[PDB]
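Input: a single structure, listed below in structure tokens.
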Amino acid sequence: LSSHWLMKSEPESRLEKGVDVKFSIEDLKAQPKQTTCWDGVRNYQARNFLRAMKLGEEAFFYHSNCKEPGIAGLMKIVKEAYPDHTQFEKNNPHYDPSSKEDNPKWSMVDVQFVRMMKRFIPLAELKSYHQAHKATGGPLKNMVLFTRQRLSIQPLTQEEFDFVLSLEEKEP
DNA sequence: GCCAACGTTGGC
DNA sequence: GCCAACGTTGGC
């Protein structure tokens, strides 16, 4: 079995150090080759999850910190972890003065859009299922989306990934 | 290396 | 705009 991931981005506008960190799935889809590099991860637990990712592994594009937060679509990894250049750019939002270039602290991956979900899967729906499965022993009982609330890159089990995909087929 | 004092994520 | 959950920093 392969690994599956969840990766958060903010679709609504918000300024960090004067610059817009907005990146929706529509913004990915508009990209050249619908491909971008996933810069600006500055959490050690999360960076390590990037380092664990492999060519072709799928990931949910989660929308966070907006009016309707939830999973919007699928993308896959097209380039494994490598140095994030933005940590050395002096005025960049995600600049890190303690990062030296002989061994760079922070990593990023390249991701490519695959598809939208048949429908948006809001956080609130996910949360009902997660609370319910704590009682019923179902597939979202240990989902990282709710067990580790401040983590932008998350592993998912086969169980969890398939369950999210089955919700896609149901009525809202 | 502990742990008060911050600093940040991100739902609500 | 509020603030809980979770992370980092630095005096001791």
Side-chain angles (χ1 to χ4, degrees), chain A residues 4-15 18-29 36-53 58-75 77 81 83-89 91-99 101 103-109 111 113 116-117 119-135 138-140 142-147 149-157 160-161 163-164 167-168 172:
Chain A
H4 301 83
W5 307 97
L6 180 135
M7 300 164 62
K8 299 190 181 175
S9 193
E10 292 170 75
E12 275 168 34
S13 187
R14 192 181 61 91
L15 272 50
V19 194
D20 196 3
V21 312
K22 170 172 194 316
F23 197 80
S24 73
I25 199 169
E26 296 296 337
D27 296 322
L28 174 60
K29 291 170 75 220
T36 198
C37 72
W38 202 266
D39 78 307
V41 167
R42 299 291 180 277
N43 174 305
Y44 281 119
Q45 187 178 187
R47 176 204 70 183
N48 285 1
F49 288 132
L50 294 182
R51 291 175 173 180
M53 295 172 182
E58 292 183 315
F60 283 126
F61 197 121
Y62 181 88
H63 278 177
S64 94
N65 205 47
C66 52
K67 296 292 159 168
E68 318 196 1
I71 294 169
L74 271 168
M75 61 190 166
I77 307 300
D84 179 6
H85 70 116
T86 65
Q87 74 197 297
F88 309 119
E89 287 163 0
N91 310 122
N92 188 280
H94 318 291
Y95 173 74
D96 191 315
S98 51
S99 177
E101 317 208 338
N103 177 239
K105 285 189 174 186
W106 305 113
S107 309
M108 58 174 193
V109 292
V111 298
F113 178 62
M116 304 293 291
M117 302 273 91
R119 65 185 174 83
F120 186 68
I121 315 299
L123 176 77
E125 185 178 353
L126 293 168
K127 191 184 283 269
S128 317
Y129 287 109
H130 160 74
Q131 291 171 12
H133 301 155
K134 293 215 291 203
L140 305 188
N142 303 129
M143 203 193 197
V144 184
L145 191 51
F146 307 102
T147 69
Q149 294 181 52
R150 313 300 167 203
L151 180 49
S152 51
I153 305 292
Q154 316 190 341
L156 262 71
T157 61
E160 292 159 346
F161 182 78
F163 186 80
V164 173
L167 295 179
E168 197 167 54

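Naming: A, B, ... by sequence-line order, numbering from 1 per chain.
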Any side-chain N or O of [X] under 4.0 Å from OP1/OP2 of [N]?
X        : N      : answer
A:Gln149 : B:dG11 : no
A:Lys8   : B:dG10 : yes
A:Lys105 : C:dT8  : no

Which atom pair, heavy atoms only, marks the closest approach of A:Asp84 to A:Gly40? OD2-N, 2.8 Å
Can you check the [X] [atom1] to [N] [atom2] distance for me, whole Å?
X        : N      : atom1 : atom2 : result
A:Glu12  : B:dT9  : CD    : P     : 16 Å
A:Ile153 : B:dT9  : CD1   : P     : 13 Å
A:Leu145 : B:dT9  : CG    : P     : 16 Å
A:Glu68  : B:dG10 : CD    : P     : 18 Å
A:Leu151 : C:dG7  : CG    : P     : 8 Å
A:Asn48  : C:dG7  : CG    : P     : 13 Å
A:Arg14  : B:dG11 : CZ    : P     : 11 Å
A:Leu15  : B:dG10 : CG    : P     : 18 Å

In terms of side-chain heavy atoms of A:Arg150, which of C:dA5, B:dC12, C:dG7 is nearest? C:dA5
Which nucleotide in the set B:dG11, C:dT8, C:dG7 lies at the smallest distance from any side-chain heavy atom of A:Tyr44? C:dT8
Not counting sequence neighbours, which residues clear side-chain hydrogen bond (donor to acceptor under 3.5 Å, both in side chains) with A:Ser107? List them please. A:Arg51
For A:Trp5, what residues pass the side-chain hydrogen bond (donor to acceptor under 3.5 Å, both in side chains) criterion, not counting sequence neighbours? A:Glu57
If you apply the rule side-chain hydrogen bond (donor to acceptor under 3.5 Å, both in side chains), what do you find for A:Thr86 with A:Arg42, and how did you get there? CA-CA 11 Å; A:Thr86 65; A:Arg42 299 291 180 277; 3.0 Å; yes
